[PDB]
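We begin with a single chain expressed as structure tokens, specifically the form deposited in one PDB entry.
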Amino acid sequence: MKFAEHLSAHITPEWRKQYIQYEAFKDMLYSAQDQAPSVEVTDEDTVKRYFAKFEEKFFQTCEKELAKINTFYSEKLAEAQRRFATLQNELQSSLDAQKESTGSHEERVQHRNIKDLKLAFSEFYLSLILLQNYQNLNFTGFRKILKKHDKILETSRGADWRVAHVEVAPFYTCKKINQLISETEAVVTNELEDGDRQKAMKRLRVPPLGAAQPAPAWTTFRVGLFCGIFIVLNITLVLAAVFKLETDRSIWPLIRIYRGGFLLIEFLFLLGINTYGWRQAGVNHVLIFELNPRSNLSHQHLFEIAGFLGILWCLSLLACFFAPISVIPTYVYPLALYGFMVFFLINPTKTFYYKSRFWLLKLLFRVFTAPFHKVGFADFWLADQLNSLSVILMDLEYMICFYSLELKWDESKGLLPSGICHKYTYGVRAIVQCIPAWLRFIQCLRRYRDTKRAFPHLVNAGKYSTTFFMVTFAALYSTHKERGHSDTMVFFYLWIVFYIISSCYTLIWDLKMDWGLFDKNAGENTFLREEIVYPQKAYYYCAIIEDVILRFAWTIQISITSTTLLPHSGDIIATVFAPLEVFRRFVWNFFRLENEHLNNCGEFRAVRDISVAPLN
């Protein structure tokens, strides 16, 4: 297990088909050696005529692979040649503009131009480094496979073939890449950094990338520590709940308060697994989300954060069950928990994942002001997640109402004991249901405005608009049934029609457009698409089935929450179906990102394009 794993781990995914096929050659050689077509006694033709036809096919395949590698390298080299000239031309103009001006507003745009140029040069350097690594890996693969050939068949043809063709091949000989690498860093050192090579090389240097670097031991230790503490606290919580809770005490406000924290911690834990799967399968989420290719979080850090927050959630709930303090009222523990969560998110000090938190804060500001910002992939993705995390918004609204009105502060234990805050009487609940759908609807309309293409942005707008009709008719039915009016039946039929319409119209879009399945050119992969990234095929069928089932369950949860069913039945339904929506989104993320990535392949794009701004 030396080079097959190494080659599999060190390949740039977008060019996966352009590398040498090490596994194919090995298999061919093994099969041939295994099936030695020997003959009775000794036959010259049997043992030497077979070893005069396999080698020719082997060398024909080798020539084909070498030609493919040469063509790809030449094309990428030409592209780099053109890009360097473009960047050089762009860099001349800023200098030309300033010096003349010298011998506020323009200053800030000039600073922005400097930053944009410094980012574009870094991306160019990264592309050059990737091409160099491509050359090195391909040569190593040829050498090792030819040595294995000469070992297996006990002949010296491969050693001479390597010298005759591979060492003469242009991709091995051409030396323009090193000159480009030297020129780029010289220009960055002189023109931008004012002669300081150390700062420029700190910016330009590339560490190991992809799935080729393990996280530090002190992170794995902390992940395990937090997981163990969380497990033991859960066991103790269940035992205390079974053996200490009274029959008369009402637990429903407590459940409605802690549901949101449970959902958040679960969400983070599942997102960690999503990141692990994306990293392992070869899906480049760093390029899609436009993160820094040299500094970004792994799955260990997300596991670390989820466990740390779970410990605090468990401690707060456990202190609410018991009473470790004889003077502090029992209704300040959820307040402390959520205040600490908020302060952890918005900590201004440069500690505890400050870059990640600031990136997320900027993203959240961009999402909640939808019409006035250009829409990227991250904004779409985050608004989709918020579409499934609306039970948290309901829990927050209910907590605010309960603490404002229905809570008796006079009682020593008033956190656990009417009905005003858990119904849609004033209509706030209907609005808080429709906020995230409204954000996605506005984003789709803005995208149509920018692109000026009717399909498929207006179709998304309608898909998100159906929720408004469904919720409106549910609310009308519920408010007419309780007051005893004669129009209950018409609203019932309208609600069921719009329920089925919404469920079908979201499910079809999920299966056909978001995931890109059921393609005409499926071929052997029945009901799937032509190219698939994840290894097993049972994953796709299981995902289709669970999505079909869980799309019907999700719509009923939203309809039921607005005083539809009897309060007792409704509470048990919402609590159980809430985690299943987060599970459905967790499953959806895999294939949405895979379908997005498969577009990058076939265009062979490995680095994000940066467009420097022009002051003049």
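C-alpha atoms forming the largest set that superposes within 1.5 Å between two forms make up the rigid core. A residue's number is simply how far along the shown sequence it sits, counting from 1.
Can you tell me whether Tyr424 lacks a model in a third or more of the other compared entries?
Yes, a third or more of the compared structures omit it.
Does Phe230 have no coordinates in at least a third of the other PDB entries examined?
No, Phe230 has coordinates in all the other entries compared.
Count, per the entry, the deposited residues between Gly103 and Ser104 that are not modelled, and return the matching class: none, 1 to 3, 4 to 9, or 10 or more.
Missing residues, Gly103 to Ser104: 10 or more.
Zero if continuous, otherwise a range: how many residues of the deposited sequence are missing coordinates between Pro417 and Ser418 (none, 1 to 3, 4 to 9, 10 or more)?
Some 4 to 9 residues are missing between them.
Beyond the structure shown, there is the form deposited in another entry, which is absent from this document and is the topic of what follows.
Under a superposition restricted to the rigid core, does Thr330 display a Cα displacement of 2 angstroms or more between this form and the one not shown?
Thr330 C-alpha, core-superposed: shift of 2 Å or more.
On a rigid core superposition, would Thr563 pass a 2 Å threshold for CA movement between this form and the one not shown?
It does, since the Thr563 C-alpha is displaced 2 Å or more between this form and the one not shown after the core fit.
How about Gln385 - superposed on the rigid core, does its CA move between this form and the one not shown by 2 Å or more?
Not so; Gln385 is displaced by less than 2 Å.
Quick one: with a 3 Å or larger change, is the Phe368 to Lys423 CA distance smaller or larger in the other entry? Answer closer or farther.
Compared with the shown chain, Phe368-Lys423 is farther in the other entry.
Are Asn600 and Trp381 closer or farther apart at the Cα level in the other entry than shown, by 3 Å or more?
It is closer: the C-alpha separation of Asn600 and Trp381 falls by at least 3 Å in the other entry.
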